>>> print(open('my_file37.pdb').read())   # PDB, C-alpha atoms
MODEL        1
ATOM      1  CA  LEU A 517      12.296 101.060 191.156  1.00  0.00           C
ATOM      2  CA  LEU A 518      15.625  99.419 191.982  1.00  0.00           C
ATOM      3  CA  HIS A 519      19.258 100.371 192.473  1.00  0.00           C
ATOM      4  CA  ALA A 520      19.844  99.422 188.833  1.00  0.00           C
ATOM      5  CA  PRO A 521      20.104 102.289 186.323  1.00  0.00           C
ATOM      6  CA  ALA A 522      16.923 103.244 184.501  1.00  0.00           C
ATOM      7  CA  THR A 523      16.514 101.567 181.109  1.00  0.00           C
ATOM      8  CA  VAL A 524      12.978 102.689 180.156  1.00  0.00           C
ATOM      9  CA  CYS A 525      11.513 106.165 180.590  1.00  0.00           C
ATOM     10  CA  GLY A 526       9.141 108.695 179.085  1.00  0.00           C
ATOM     11  CA  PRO A 527       9.522 110.618 175.852  1.00  0.00           C
ATOM     12  CA  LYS A 528      10.936 114.083 175.225  1.00  0.00           C
ATOM     13  CA  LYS A 529       9.785 116.975 173.057  1.00  0.00           C
ATOM     14  CA  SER A 530      11.914 118.778 170.476  1.00  0.00           C
ATOM     15  CA  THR A 531      11.794 122.455 169.532  1.00  0.00           C
ATOM     16  CA  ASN A 532      12.339 124.113 166.174  1.00  0.00           C
ATOM     17  CA  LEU A 533      15.599 125.551 164.867  1.00  0.00           C
ATOM     18  CA  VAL A 534      16.655 129.086 165.802  1.00  0.00           C
ATOM     19  CA  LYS A 535      19.785 131.223 165.480  1.00  0.00           C
ATOM     20  CA  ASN A 536      21.124 134.742 165.972  1.00  0.00           C
ATOM     21  CA  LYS A 537      18.903 135.494 168.984  1.00  0.00           C
ATOM     22  CA  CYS A 538      20.378 135.620 172.471  1.00  0.00           C
ATOM     23  CA  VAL A 539      18.015 133.033 173.962  1.00  0.00           C
ATOM     24  CA  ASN A 540      18.204 130.366 176.633  1.00  0.00           C
ATOM     25  CA  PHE A 541      18.823 126.781 175.547  1.00  0.00           C
ATOM     26  CA  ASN A 542      19.029 123.216 176.842  1.00  0.00           C
ATOM     27  CA  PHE A 543      21.153 120.568 175.081  1.00  0.00           C
ATOM     28  CA  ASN A 544      21.395 117.271 176.990  1.00  0.00           C
ATOM     29  CA  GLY A 545      21.288 119.080 180.325  1.00  0.00           C
ATOM     30  CA  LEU A 546      23.401 122.058 179.219  1.00  0.00           C
ATOM     31  CA  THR A 547      21.340 125.168 179.957  1.00  0.00           C
ATOM     32  CA  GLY A 548      22.813 128.574 179.223  1.00  0.00           C
ATOM     33  CA  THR A 549      22.502 131.812 177.303  1.00  0.00           C
ATOM     34  CA  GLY A 550      24.149 132.678 174.014  1.00  0.00           C
ATOM     35  CA  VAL A 551      23.874 133.055 170.260  1.00  0.00           C
ATOM     36  CA  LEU A 552      23.523 129.657 168.578  1.00  0.00           C
ATOM     37  CA  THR A 553      25.518 130.560 165.487  1.00  0.00           C
ATOM     38  CA  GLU A 554      26.974 128.097 163.012  1.00  0.00           C
ATOM     39  CA  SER A 555      30.551 126.833 163.170  1.00  0.00           C
ATOM     40  CA  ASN A 556      33.295 125.548 160.885  1.00  0.00           C
ATOM     41  CA  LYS A 557      35.621 123.536 163.120  1.00  0.00           C
ATOM     42  CA  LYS A 558      34.885 119.813 163.054  1.00  0.00           C
ATOM     43  CA  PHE A 559      34.509 117.521 166.061  1.00  0.00           C
ATOM     44  CA  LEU A 560      35.167 113.829 166.524  1.00  0.00           C
ATOM     45  CA  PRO A 561      32.496 111.385 165.293  1.00  0.00           C
ATOM     46  CA  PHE A 562      31.359 110.938 168.915  1.00  0.00           C
ATOM     47  CA  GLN A 563      31.844 114.297 170.696  1.00  0.00           C
ATOM     48  CA  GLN A 564      28.811 116.337 171.748  1.00  0.00           C
ATOM     49  CA  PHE A 565      30.516 119.112 173.755  1.00  0.00           C
TER      50      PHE A 565
ATOM     51  CA  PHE B 220      51.241 106.099 170.344  1.00  0.00           C
ATOM     52  CA  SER B 221      47.728 104.807 170.961  1.00  0.00           C
ATOM     53  CA  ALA B 222      44.379 106.569 170.623  1.00  0.00           C
ATOM     54  CA  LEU B 223      41.445 104.588 172.008  1.00  0.00           C
ATOM     55  CA  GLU B 224      37.821 105.646 171.523  1.00  0.00           C
ATOM     56  CA  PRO B 225      34.586 104.753 173.369  1.00  0.00           C
ATOM     57  CA  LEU B 226      32.602 101.944 171.761  1.00  0.00           C
ATOM     58  CA  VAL B 227      29.458 101.420 173.862  1.00  0.00           C
ATOM     59  CA  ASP B 228      28.295 101.346 177.488  1.00  0.00           C
ATOM     60  CA  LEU B 229      25.567  99.100 178.910  1.00  0.00           C
ATOM     61  CA  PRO B 230      24.301  99.784 182.459  1.00  0.00           C
ATOM     62  CA  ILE B 231      23.492  96.425 184.043  1.00  0.00           C
ATOM     63  CA  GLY B 232      24.654  97.139 187.589  1.00  0.00           C
ATOM     64  CA  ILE B 233      25.856  93.659 188.538  1.00  0.00           C
ATOM     65  CA  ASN B 234      28.707  92.663 190.825  1.00  0.00           C
ATOM     66  CA  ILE B 235      31.758  91.594 188.808  1.00  0.00           C
ATOM     67  CA  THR B 236      34.533  89.636 190.515  1.00  0.00           C
ATOM     68  CA  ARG B 237      36.159  87.157 188.117  1.00  0.00           C
ATOM     69  CA  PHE B 238      37.271  87.628 184.515  1.00  0.00           C
ATOM     70  CA  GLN B 239      38.227  85.246 181.725  1.00  0.00           C
ATOM     71  CA  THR B 240      38.473  85.047 177.947  1.00  0.00           C
ATOM     72  CA  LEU B 241      36.828  82.798 175.358  1.00  0.00           C
ATOM     73  CA  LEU B 242      38.819  81.141 172.566  1.00  0.00           C
ATOM     74  CA  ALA B 243      38.085  78.729 169.704  1.00  0.00           C
ATOM     75  CA  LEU B 244      39.096  75.143 168.958  1.00  0.00           C
ATOM     76  CA  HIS B 245      39.479  73.057 165.813  1.00  0.00           C
ATOM     77  CA  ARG B 246      39.434  69.396 164.817  1.00  0.00           C
ATOM     78  CA  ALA B 262      49.626  80.300 167.686  1.00  0.00           C
ATOM     79  CA  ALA B 263      48.712  83.652 169.232  1.00  0.00           C
ATOM     80  CA  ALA B 264      49.590  85.927 172.137  1.00  0.00           C
ATOM     81  CA  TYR B 265      47.613  88.256 174.384  1.00  0.00           C
ATOM     82  CA  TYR B 266      48.293  90.366 177.467  1.00  0.00           C
ATOM     83  CA  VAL B 267      46.531  91.696 180.551  1.00  0.00           C
ATOM     84  CA  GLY B 268      46.935  95.136 182.093  1.00  0.00           C
ATOM     85  CA  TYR B 269      45.733  96.324 185.481  1.00  0.00           C
TER      86      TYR B 269
ENDMDL
END
>>> encode(input="my_file37.pdb", output="structure tokens")
Amino acid sequence: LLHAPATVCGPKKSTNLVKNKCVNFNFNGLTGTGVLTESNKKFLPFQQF
Amino acid sequence: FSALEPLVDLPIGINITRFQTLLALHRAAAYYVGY
């Protein structure tokens, strides 16, 4: 372990799809409560927020 | 007006002091620097 940023690490598990239920979530560190409903507005080809 | 987008980021964590460019030779162009 060094001051350099980590380049290799362990894996991560993925859950199944779900909608229309007010349930907790976690997307790339974003944990909150809401209804994961679909959208129409389009993002940039590199935006994840 | 300009609109610049992120290409890629590589964490290497090394001290960087000096900078320079690399050109080509053969056997007329301009470029700038901003701080």
>>> interface_residues(input="my_file37.pdb", of="chain B", to="chain A", cutoff="12 Å", atoms="all atoms listed in the file", output="list in words")
residues 224, 225, 226, 227, 229, 230, 231, 232, 233 and 234 of chain B
>>> resolve_selection(input="my_file37.pdb", expression="the PyMOL selection byres ((chain A and resi 540) around 9)", output="PDB file with C-alpha atoms, in the frame of the given file")
ATOM      1  CA  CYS A 538      20.378 135.620 172.471  1.00  0.00           C
ATOM      2  CA  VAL A 539      18.015 133.033 173.962  1.00  0.00           C
ATOM      3  CA  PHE A 541      18.823 126.781 175.547  1.00  0.00           C
ATOM      4  CA  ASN A 542      19.029 123.216 176.842  1.00  0.00           C
ATOM      5  CA  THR A 547      21.340 125.168 179.957  1.00  0.00           C
ATOM      6  CA  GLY A 548      22.813 128.574 179.223  1.00  0.00           C
ATOM      7  CA  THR A 549      22.502 131.812 177.303  1.00  0.00           C
ATOM      8  CA  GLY A 550      24.149 132.678 174.014  1.00  0.00           C
ATOM      9  CA  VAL A 551      23.874 133.055 170.260  1.00  0.00           C
TER      10      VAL A 551
END
>>> resolve_selection(input="my_file37.pdb", expression="the PyMOL selection byres ((chain A and resi 553) around 7)", output="tab-separated table (two decimals) with C-alpha atoms, in the coordinates of the input")
chain	number	residue	atom	x	y	z
A	535	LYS	CA	19.78	131.22	165.48
A	536	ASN	CA	21.12	134.74	165.97
A	551	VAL	CA	23.87	133.06	170.26
A	552	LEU	CA	23.52	129.66	168.58
A	554	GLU	CA	26.97	128.10	163.01
A	555	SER	CA	30.55	126.83	163.17
>>> axis_aligned_box(input="my_file37.pdb", around="region 226-241 of chain B", padding_each_side="3 Å", output="AutoDock Vina command-line options")
--center_x 31.0 --center_y 92.4 --center_z 181.3 --size_x 21.0 --size_y 25.1 --size_z 25.1
>>> atom_distance(input="my_file37.pdb", atom1="CA of residue 223 (chain B)", atom2="CA of residue 561 (chain A)")
13.1 Å
